[PDB]
>>> print(open('structure-v3.pdb').read())   # PDB, C-alpha atoms and all ligand atoms
MODEL        1
ATOM      1  CA  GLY A   1       0.000   0.000   0.000  1.00  0.00           C
ATOM      2  CA  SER A   2       0.885   3.644  -0.162  1.00  0.00           C
ATOM      3  CA  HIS A   3      -0.032   7.117   0.767  1.00  0.00           C
ATOM      4  CA  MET A   4      -0.892   7.794  -2.870  1.00  0.00           C
ATOM      5  CA  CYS A   5      -3.377   4.897  -2.968  1.00  0.00           C
ATOM      6  CA  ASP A   6      -4.943   5.644   0.391  1.00  0.00           C
ATOM      7  CA  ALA A   7      -5.448   9.302  -0.386  1.00  0.00           C
ATOM      8  CA  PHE A   8      -6.420   9.439  -4.067  1.00  0.00           C
ATOM      9  CA  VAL A   9      -7.301   6.143  -5.726  1.00  0.00           C
ATOM     10  CA  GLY A  10     -10.927   5.629  -6.692  1.00  0.00           C
ATOM     11  CA  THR A  11     -13.783   7.402  -8.406  1.00  0.00           C
ATOM     12  CA  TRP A  12     -14.642  11.013  -7.574  1.00  0.00           C
ATOM     13  CA  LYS A  13     -17.484  13.261  -8.720  1.00  0.00           C
ATOM     14  CA  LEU A  14     -17.471  17.084  -8.969  1.00  0.00           C
ATOM     15  CA  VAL A  15     -19.519  18.798  -6.317  1.00  0.00           C
ATOM     16  CA  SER A  16     -18.540  22.481  -6.551  1.00  0.00           C
ATOM     17  CA  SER A  17     -16.471  24.868  -8.580  1.00  0.00           C
ATOM     18  CA  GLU A  18     -15.226  28.435  -8.099  1.00  0.00           C
ATOM     19  CA  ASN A  19     -13.419  30.724 -10.516  1.00  0.00           C
ATOM     20  CA  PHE A  20     -13.130  28.064 -13.233  1.00  0.00           C
ATOM     21  CA  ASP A  21     -14.281  30.316 -16.067  1.00  0.00           C
ATOM     22  CA  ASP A  22     -11.655  32.894 -15.059  1.00  0.00           C
ATOM     23  CA  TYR A  23      -8.960  30.226 -14.836  1.00  0.00           C
ATOM     24  CA  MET A  24      -9.866  28.950 -18.289  1.00  0.00           C
ATOM     25  CA  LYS A  25      -9.726  32.498 -19.652  1.00  0.00           C
ATOM     26  CA  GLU A  26      -6.222  32.897 -18.243  1.00  0.00           C
ATOM     27  CA  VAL A  27      -5.137  29.675 -19.903  1.00  0.00           C
ATOM     28  CA  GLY A  28      -6.543  30.853 -23.236  1.00  0.00           C
ATOM     29  CA  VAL A  29      -9.716  28.798 -23.628  1.00  0.00           C
ATOM     30  CA  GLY A  30     -12.207  30.270 -26.075  1.00  0.00           C
ATOM     31  CA  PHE A  31     -15.775  31.290 -25.222  1.00  0.00           C
ATOM     32  CA  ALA A  32     -17.741  28.324 -26.578  1.00  0.00           C
ATOM     33  CA  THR A  33     -15.422  25.732 -25.067  1.00  0.00           C
ATOM     34  CA  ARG A  34     -15.470  27.573 -21.732  1.00  0.00           C
ATOM     35  CA  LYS A  35     -19.271  27.552 -21.632  1.00  0.00           C
ATOM     36  CA  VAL A  36     -19.656  23.839 -22.372  1.00  0.00           C
ATOM     37  CA  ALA A  37     -16.666  22.725 -20.292  1.00  0.00           C
ATOM     38  CA  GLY A  38     -17.785  24.914 -17.410  1.00  0.00           C
ATOM     39  CA  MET A  39     -21.170  23.199 -17.463  1.00  0.00           C
ATOM     40  CA  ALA A  40     -19.581  19.763 -17.263  1.00  0.00           C
ATOM     41  CA  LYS A  41     -19.926  17.648 -14.116  1.00  0.00           C
ATOM     42  CA  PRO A  42     -16.884  15.378 -14.492  1.00  0.00           C
ATOM     43  CA  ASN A  43     -15.962  12.215 -12.747  1.00  0.00           C
ATOM     44  CA  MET A  44     -12.261  11.872 -11.873  1.00  0.00           C
ATOM     45  CA  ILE A  45     -10.904   8.298 -11.814  1.00  0.00           C
ATOM     46  CA  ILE A  46      -7.474   7.768 -10.248  1.00  0.00           C
ATOM     47  CA  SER A  47      -5.680   4.423 -10.294  1.00  0.00           C
ATOM     48  CA  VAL A  48      -2.216   3.090  -9.587  1.00  0.00           C
ATOM     49  CA  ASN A  49      -0.635   0.015 -11.129  1.00  0.00           C
ATOM     50  CA  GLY A  50       2.950  -0.410 -10.082  1.00  0.00           C
ATOM     51  CA  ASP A  51       4.777   2.856 -10.756  1.00  0.00           C
ATOM     52  CA  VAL A  52       2.160   4.053 -13.254  1.00  0.00           C
ATOM     53  CA  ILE A  53      -0.610   6.413 -12.185  1.00  0.00           C
ATOM     54  CA  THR A  54      -3.635   6.969 -14.427  1.00  0.00           C
ATOM     55  CA  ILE A  55      -6.013   9.924 -14.080  1.00  0.00           C
ATOM     56  CA  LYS A  56      -9.185  10.016 -16.182  1.00  0.00           C
ATOM     57  CA  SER A  57     -11.665  12.926 -16.442  1.00  0.00           C
ATOM     58  CA  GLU A  58     -15.046  11.881 -17.863  1.00  0.00           C
ATOM     59  CA  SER A  59     -18.066  14.113 -18.621  1.00  0.00           C
ATOM     60  CA  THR A  60     -20.603  14.944 -21.297  1.00  0.00           C
ATOM     61  CA  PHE A  61     -18.093  17.422 -22.728  1.00  0.00           C
ATOM     62  CA  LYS A  62     -15.040  15.190 -23.063  1.00  0.00           C
ATOM     63  CA  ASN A  63     -13.329  12.050 -21.796  1.00  0.00           C
ATOM     64  CA  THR A  64      -9.597  12.383 -21.267  1.00  0.00           C
ATOM     65  CA  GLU A  65      -6.908  10.250 -19.704  1.00  0.00           C
ATOM     66  CA  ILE A  66      -3.266  10.613 -18.713  1.00  0.00           C
ATOM     67  CA  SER A  67      -0.835   7.927 -17.483  1.00  0.00           C
ATOM     68  CA  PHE A  68       2.521   8.816 -16.005  1.00  0.00           C
ATOM     69  CA  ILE A  69       5.295   8.044 -13.565  1.00  0.00           C
ATOM     70  CA  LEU A  70       5.986  10.566 -10.764  1.00  0.00           C
ATOM     71  CA  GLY A  71       8.783  12.945 -11.639  1.00  0.00           C
ATOM     72  CA  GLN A  72       8.963  11.881 -15.308  1.00  0.00           C
ATOM     73  CA  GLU A  73       7.933  14.504 -17.919  1.00  0.00           C
ATOM     74  CA  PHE A  74       5.459  13.585 -20.630  1.00  0.00           C
ATOM     75  CA  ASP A  75       3.700  15.249 -23.530  1.00  0.00           C
ATOM     76  CA  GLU A  76      -0.006  15.914 -22.867  1.00  0.00           C
ATOM     77  CA  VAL A  77      -2.862  17.228 -25.046  1.00  0.00           C
ATOM     78  CA  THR A  78      -5.204  19.008 -22.666  1.00  0.00           C
ATOM     79  CA  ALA A  79      -8.960  19.089 -22.844  1.00  0.00           C
ATOM     80  CA  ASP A  80      -8.770  22.562 -24.468  1.00  0.00           C
ATOM     81  CA  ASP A  81      -6.221  21.236 -27.012  1.00  0.00           C
ATOM     82  CA  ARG A  82      -3.005  22.765 -25.666  1.00  0.00           C
ATOM     83  CA  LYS A  83       0.137  20.768 -26.329  1.00  0.00           C
ATOM     84  CA  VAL A  84       1.972  20.880 -23.022  1.00  0.00           C
ATOM     85  CA  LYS A  85       4.972  19.374 -21.291  1.00  0.00           C
ATOM     86  CA  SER A  86       3.690  17.903 -18.042  1.00  0.00           C
ATOM     87  CA  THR A  87       5.380  16.696 -14.867  1.00  0.00           C
ATOM     88  CA  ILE A  88       3.499  15.291 -11.878  1.00  0.00           C
ATOM     89  CA  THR A  89       5.079  14.833  -8.455  1.00  0.00           C
ATOM     90  CA  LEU A  90       3.978  14.083  -4.915  1.00  0.00           C
ATOM     91  CA  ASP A  91       4.986  17.032  -2.652  1.00  0.00           C
ATOM     92  CA  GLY A  92       4.107  16.023   0.865  1.00  0.00           C
ATOM     93  CA  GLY A  93       0.757  14.496   0.355  1.00  0.00           C
ATOM     94  CA  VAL A  94      -0.199  16.800  -2.552  1.00  0.00           C
ATOM     95  CA  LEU A  95      -0.193  15.665  -6.181  1.00  0.00           C
ATOM     96  CA  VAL A  96       1.321  18.573  -8.137  1.00  0.00           C
ATOM     97  CA  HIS A  97       0.886  18.734 -11.914  1.00  0.00           C
ATOM     98  CA  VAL A  98       2.852  21.412 -13.777  1.00  0.00           C
ATOM     99  CA  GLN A  99       2.134  22.134 -17.436  1.00  0.00           C
ATOM    100  CA  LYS A 100       4.531  24.190 -19.590  1.00  0.00           C
ATOM    101  CA  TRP A 101       3.736  25.512 -23.074  1.00  0.00           C
ATOM    102  CA  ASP A 102       4.604  28.587 -25.123  1.00  0.00           C
ATOM    103  CA  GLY A 103       6.707  30.089 -22.289  1.00  0.00           C
ATOM    104  CA  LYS A 104       3.690  29.802 -19.945  1.00  0.00           C
ATOM    105  CA  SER A 105       3.043  27.609 -16.943  1.00  0.00           C
ATOM    106  CA  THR A 106       0.097  26.440 -14.893  1.00  0.00           C
ATOM    107  CA  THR A 107      -0.161  24.177 -11.882  1.00  0.00           C
ATOM    108  CA  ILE A 108      -2.964  21.828 -10.864  1.00  0.00           C
ATOM    109  CA  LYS A 109      -2.791  20.483  -7.298  1.00  0.00           C
ATOM    110  CA  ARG A 110      -4.874  17.662  -5.850  1.00  0.00           C
ATOM    111  CA  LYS A 111      -5.148  17.345  -2.067  1.00  0.00           C
ATOM    112  CA  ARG A 112      -7.341  15.518   0.433  1.00  0.00           C
ATOM    113  CA  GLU A 113      -9.326  17.657   2.882  1.00  0.00           C
ATOM    114  CA  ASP A 114     -11.702  15.739   5.100  1.00  0.00           C
ATOM    115  CA  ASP A 115     -13.761  13.476   2.821  1.00  0.00           C
ATOM    116  CA  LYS A 116     -13.116  15.581  -0.250  1.00  0.00           C
ATOM    117  CA  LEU A 117     -10.522  15.736  -2.974  1.00  0.00           C
ATOM    118  CA  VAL A 118      -9.776  19.404  -3.665  1.00  0.00           C
ATOM    119  CA  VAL A 119      -8.351  20.474  -7.015  1.00  0.00           C
ATOM    120  CA  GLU A 120      -6.657  23.886  -7.210  1.00  0.00           C
ATOM    121  CA  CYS A 121      -5.747  25.229 -10.615  1.00  0.00           C
ATOM    122  CA  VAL A 122      -3.485  28.289 -10.721  1.00  0.00           C
ATOM    123  CA  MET A 123      -2.456  30.487 -13.677  1.00  0.00           C
ATOM    124  CA  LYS A 124      -0.833  33.958 -13.024  1.00  0.00           C
ATOM    125  CA  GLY A 125      -2.673  34.884  -9.865  1.00  0.00           C
ATOM    126  CA  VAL A 126      -5.919  33.275 -10.890  1.00  0.00           C
ATOM    127  CA  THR A 127      -6.908  30.241  -8.749  1.00  0.00           C
ATOM    128  CA  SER A 128      -9.865  27.972  -9.331  1.00  0.00           C
ATOM    129  CA  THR A 129     -10.991  25.521  -6.635  1.00  0.00           C
ATOM    130  CA  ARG A 130     -12.912  22.435  -7.664  1.00  0.00           C
ATOM    131  CA  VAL A 131     -14.200  20.094  -4.965  1.00  0.00           C
ATOM    132  CA  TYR A 132     -14.837  16.396  -5.592  1.00  0.00           C
ATOM    133  CA  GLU A 133     -16.381  13.753  -3.350  1.00  0.00           C
ATOM    134  CA  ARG A 134     -16.311   9.970  -3.601  1.00  0.00           C
ATOM    135  CA  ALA A 135     -18.738   8.655  -6.160  1.00  0.00           C
TER     136      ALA A 135
HETATM  137  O1  LIG B 201     -10.175  18.263 -13.722  1.00  0.00           O
HETATM  138  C1  LIG B 201     -10.383  19.353 -13.084  1.00  0.00           C
HETATM  139  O2  LIG B 201     -11.393  19.552 -12.248  1.00  0.00           O
HETATM  140  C2  LIG B 201      -9.325  20.353 -13.214  1.00  0.00           C
HETATM  141  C3  LIG B 201      -9.027  21.091 -14.303  1.00  0.00           C
HETATM  142  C4  LIG B 201      -9.805  21.116 -15.469  1.00  0.00           C
HETATM  143  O3  LIG B 201     -10.993  20.707 -15.443  1.00  0.00           O
HETATM  144  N1  LIG B 201      -9.274  21.690 -16.600  1.00  0.00           N
HETATM  145  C5  LIG B 201      -9.871  21.890 -17.836  1.00  0.00           C
HETATM  146  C6  LIG B 201     -10.959  21.145 -18.312  1.00  0.00           C
HETATM  147  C7  LIG B 201     -11.523  21.392 -19.481  1.00  0.00           C
HETATM  148  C8  LIG B 201     -11.058  22.421 -20.264  1.00  0.00           C
HETATM  149 BR1  LIG B 201     -11.844  22.810 -21.950  1.00  0.00          BR
HETATM  150  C9  LIG B 201     -10.027  23.227 -19.846  1.00  0.00           C
HETATM  151  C10 LIG B 201      -9.395  22.965 -18.675  1.00  0.00           C
HETATM  152 CL1  LIG B 201      -8.164  23.974 -18.155  1.00  0.00          CL
HETATM  153 CL    CL B 202      -5.493  21.238  -3.892  1.00  0.00          CL
ENDMDL
END
>>> encode(input="structure-v3.pdb", output="structure tokens")
Amino acid sequence: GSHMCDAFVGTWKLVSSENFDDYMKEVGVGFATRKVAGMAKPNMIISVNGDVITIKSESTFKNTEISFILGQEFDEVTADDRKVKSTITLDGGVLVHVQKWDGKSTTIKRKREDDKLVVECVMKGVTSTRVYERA
């Protein structure tokens, strides 16, 4: 077993969002995509198999998936179609995902707080908080 498995593995459903439209604007998402993606109610599925972690985001807007090893950079196509260089690490008990593209950077952190899984997305002073609970 592991901290990672105990904290994060399973199926999570979105329960609240704040500032997500503004975060998407900062990242460069266009109007129509922001409206439909903002209306989404995703499930987040996190699994571990050996050293490989998989995170899936599933909704009526889009289904996406990433698999990775902690600390090892990979190329990712995001839901809004950015081509980014991604690295995910465990910093204390927080899963930290950094995306780099076009001289820009954004960070997505996932942390447990009580029964919830809190997702914080930060771009240049703009933070969005998305709260998930177990499905
Ligand atoms: O998975 C989350 O809750 C966290 C982040 C997230 O949803 N990101 C995202 C989704 C769809 C589009 Br379009 C653009 C972005 Cl930046
Ligand atoms: Cl967080």
>>> closest_residue(input="structure-v3.pdb", among="A:99, A:19, A:43, A:54", to="residue 74 of chain A", atoms="all atoms listed in the file")
A:99
>>> atom_distance(input="structure-v3.pdb", atom1="atom CA of residue 92 of chain A", atom2="atom CA of residue 41 of chain A")
28.4 Å
>>> closest_residue(input="structure-v3.pdb", among="A:97, A:112, A:83, A:62", to="ligand CL 202 (chain B)", atoms="only C-alpha atoms and all ligand atoms")
A:112
>>> residues_around(input="structure-v3.pdb", residues="residue 29 of chain A", least_positions_apart="5", cutoff="7 Å", atoms="only C-alpha atoms", output="VMD selection string")
chain A and resid 24 34 80
>>> closest_residue(input="structure-v3.pdb", among="A:63, A:25, A:55, A:114", to="residue 88 of chain A", atoms="all atoms listed in the file")
A:55
>>> resolve_selection(input="structure-v3.pdb", expression="the PyMOL selection byres (((chain A and resi 128) around 7) and not hetatm)", output="ChimeraX atom specification")
/A:18-20,23,120-122,126-127,129-130
>>> closest_residue(input="structure-v3.pdb", among="A:125, A:94, A:133, A:26", to="ligand CL 202 (chain B)", atoms="all atoms listed in the file")
A:94
>>> resolve_selection(input="structure-v3.pdb", expression="the PyMOL selection byres (((not hetatm)) within 7 of (chain B and resi 202))", output="list in words")
residues 109, 110, 111, 118, 119 and 120 of chain A
>>> residues_around(input="structure-v3.pdb", residues="residue 85 of chain A", least_positions_apart="5", cutoff="7 Å", atoms="only C-alpha atoms", output="list in words")
residues 73, 74, 75, 76, 99, 100 and 101 of chain A
>>> residues_around(input="structure-v3.pdb", residues="residue 131 of chain A", least_positions_apart="4", cutoff="7 Å", atoms="only C-alpha atoms", output="ChimeraX atom specification")
/A:14-17,116-119
>>> closest_residue(input="structure-v3.pdb", among="A:65, A:78, A:50, A:70", to="ligand LIG 201 (chain B)", atoms="all atoms listed in the file")
A:78
>>> closest_residue(input="structure-v3.pdb", among="A:1, A:28, A:103, A:71", to="ligand LIG 201 (chain B)", atoms="all atoms listed in the file")
A:28
>>> resolve_selection(input="structure-v3.pdb", expression="the PyMOL selection byres (((chain A and resi 61) around 8) and not hetatm)", output="JSON, numbers by chain")
{"A": [36, 37, 40, 58, 59, 60, 62, 63]}
>>> axis_aligned_box(input="structure-v3.pdb", around="ligand LIG 201 (chain B)", padding_each_side="4 Å", output="AutoDock Vina command-line options")
--center_x -10.0 --center_y 21.1 --center_z -17.1 --size_x 11.7 --size_y 13.7 --size_z 17.7
>>> atom_distance(input="structure-v3.pdb", atom1="atom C6 of ligand LIG 201 (chain B)", atom2="atom CA of residue 79 of chain A")
5.4 Å
>>> atom_distance(input="structure-v3.pdb", atom1="atom BR1 of ligand LIG 201 (chain B)", atom2="atom CA of residue 33 of chain A")
5.6 Å
